[PDB]
Amino acid sequence: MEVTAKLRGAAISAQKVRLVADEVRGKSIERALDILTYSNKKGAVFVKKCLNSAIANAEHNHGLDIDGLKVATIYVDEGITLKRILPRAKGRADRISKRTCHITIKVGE
RNA sequence: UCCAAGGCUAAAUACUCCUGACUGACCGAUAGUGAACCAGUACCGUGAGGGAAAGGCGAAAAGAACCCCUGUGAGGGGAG
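Cut-offs applied
- Positions along each chain are numbered from 1 by the written sequence. They may not match the entry numbering, and residues without coordinates are not shown.
- Chains carry letters from A onward and ligands carry numbers from 1 onward, assigned in written order.
- In this entry, the chains presented are a subset of a larger assembly, and the associated values cover only that subset.
- The basis for every side-chain value is the complete set of heavy atoms in the structure, and neither hydrogens nor water enter the calculation.
- Secondary structure elements follow DSSP: runs of H or I of four or more residues count as helices, runs of E of two or more count as strands, with numbering from the N terminus.
- Note on method: radius of gyration uses C-alpha positions; expected globular size equals 2.2 Å times residues raised to 0.38.
- Here the term buried applies to any residue with accessible area under 20% of the maximum for its type, exposed to any over 50%, and partly exposed to those in between, with areas from a 1.4 Å probe on protein chains only.
- Note on definitions: a residue-residue contact is assigned when non-hydrogen atoms from the two residues lie within 4.5 Å.
- The protein chains shown are the only cover counted for residues, whose accessible areas, like all others here, come from Shrake-Rupley with a 1.4 Å probe.
- Whether a residue is near a molecule or strand depends on its heavy atoms: if one lies within 4 Å, it is near.
- Between N or O atoms, a polar contact is any pair within 3.5 Å; within protein, one atom must be a potential hydrogen donor and the other a potential acceptor, and residues adjacent in sequence are included only when both atoms are from side chains.
- Three classes are used: nonpolar for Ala, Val, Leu, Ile, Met, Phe, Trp, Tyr, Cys and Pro, charged for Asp, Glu, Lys and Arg, and polar for all others, with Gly counted as polar.
- What counts as a salt bridge is simple: a side-chain nitrogen of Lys or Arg found within 4 Å of a carboxyl oxygen of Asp or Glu.
- Each direction from the helix axis to a C-beta atom contributes to the arc, which is the arc of those directions.
- Note on geometry: axes are lines fitted to C-alpha atoms, helical ones only across the stretch in contact, with angles between N-to-C directions running from 0 to 180 degrees.
- These descriptions rest on fixed angle ranges, namely under 35 degrees for roughly parallel, over 145 for roughly antiparallel, 65 to 115 for roughly perpendicular, and the rest for oblique.
- Handedness of a helix crossing follows the sense of rotation of the near helix relative to the far helix, less than a right angle counterclockwise being left-handed and clockwise being right-handed.

- As recorded in the PDB header, cryo-EM is the method behind this entry, and the stated resolution is 2.6 Å.

Dropping the structure here:
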């Protein structure tokens, strides 16, 4: 069976998190945790948090053997964007989008 | 045909800030008032003035006790 965890609302771009998600998609739980704990990217702490929560759900709610799990699916979607104003020169203003991301991870044997 | 250089005179006529009742081949949230919502507000302007956006869980809050991951965070998964 497939055990899910969701991390709706990470304060980071989905583009910046998809690079991290592409390197753990399909890996075993142990290898994925190694990649995430030694990544230099900020998206990896979010992905590691969501993955650890999914593994905890699989151990606790579903009673699965953690040693045989793997990151069966993972995808990052775009969340709600905060809109801000950045002043520029000559009295002009640009809109700034502070993007967020939703991280969905599904572990499975 | 009528008697200025004295004064008056209701009704039938005009209108709606409003009160009551009732109606609509009027609108239904970019519409209908600018304004269904804490709106002439926020915001802009020295000022006169200009002037927004923004409604809906469910029949009933019964609005998720408790457990788990997490930083007693967010967010989620079970349970209900």
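### Brief notes about the overall build of chain A
Part 1 of the argument: The secondary structure content of chain A amounts to three helices and five strands.
Part 2 of the argument: If you list the helices and strands of chain A from N to C, you get β-α-α-α-β-β-β-β.
Part 3 of the argument: Radius of gyration (C-alpha) of chain A: 17 Å, far over the 13 Å computed for a compact globule of 109 residues.
Part 4 of the argument: The principal-axis extents of the C-alpha atoms in chain A amount to approximately 60 × 25 × 15 Å.
Part 5 of the argument: Burial statistics for chain A: of 109 residues in total, 34% are counted as buried.
Part 6 of the argument: Taking all contacts inside chain A whose residues are at least 6 apart in sequence as the whole, residues at least 24 apart take part in 71%.
Part 7 of the argument: Surface summary for chain A: the accessible area is close to 7000 Å², and the carbon and sulfur share equals 49%.

### Focus on the protein's contact with RNA strand B
Part 1 of the argument: Around RNA strand B lies a shell formed by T4, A5, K6, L7, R8, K49, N52, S53, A56, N57, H60 and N61.
Part 2 of the argument: Atoms of RNA strand B within 4 Å of the protein belong to the sugar or the phosphate in 78% of instances, the rest to bases.
Part 3 of the argument: Take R8: an N or O atom from its main chain is 3.1 Å from a sugar or linking oxygen of RNA strand B.
Part 4 of the argument: In the model, a sugar or linking oxygen of RNA strand B is placed 3.1 Å from a nitrogen or oxygen of the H60 side chain.
Part 5 of the argument: Going through the elements one at a time, β1 (2-10) and α3 (43-60) are the ones with two or more residues in the surface near RNA strand B.
Part 6 of the argument: In terms of residue count, α3 provides more of the surface near RNA strand B than any other element does, six residues in total.
Part 7 of the argument: Within the surface near RNA strand B, the residues separate by chemical class into three nonpolar, six polar and three charged.

### Things to note about the pattern of salt bridges
Part 1 of the argument: Overall, the coordinates contain three salt bridges when judged by the stated rule.
Part 2 of the argument: Taking the shortest distance from any N to any O, the salt bridge between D94 and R88 comes out at 3.3 Å.
Part 3 of the argument: One salt bridge in this structure joins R92 and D94, with 3.8 Å as the shortest N-O distance.

### With respect to the environment of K49
Part 1 of the argument: Assignment of secondary structure puts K49 in helix α3.
Part 2 of the argument: Overall, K49 belongs to the exposed group, its relative accessible area being 55%.
Part 3 of the argument: A sequence separation of 54 residues divides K49 from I103, and the C-alpha atoms of the two residues are 9.9 Å apart.

### So, helix α2 (residues 29-38)
Part 1 of the argument: Among the residues making up α2, those that are buried are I29, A32, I35 and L36. Take α2 and look down its axis: the buried residues cluster within an arc of 130 degrees, on one side only. Facing away from the buried side of α2, by more than 90 degrees, are the exposed residues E30 and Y38.

### Concerning the packing of helix α1 (residues 14-24) against α3
Part 1 of the argument: One can describe the packing of α1 onto α3 by two numbers: an axis separation of 8 Å at closest approach and a directional angle of 50 degrees. Considering their axes alone, α1 and α3 lie oblique with respect to each other. As for the relative orientation of α1 and α3, their crossing is right-handed in sense. Contact with α1, carried on its side by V17, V20 and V24, involves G43, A44 and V47 of α3 and no other residues of that element.

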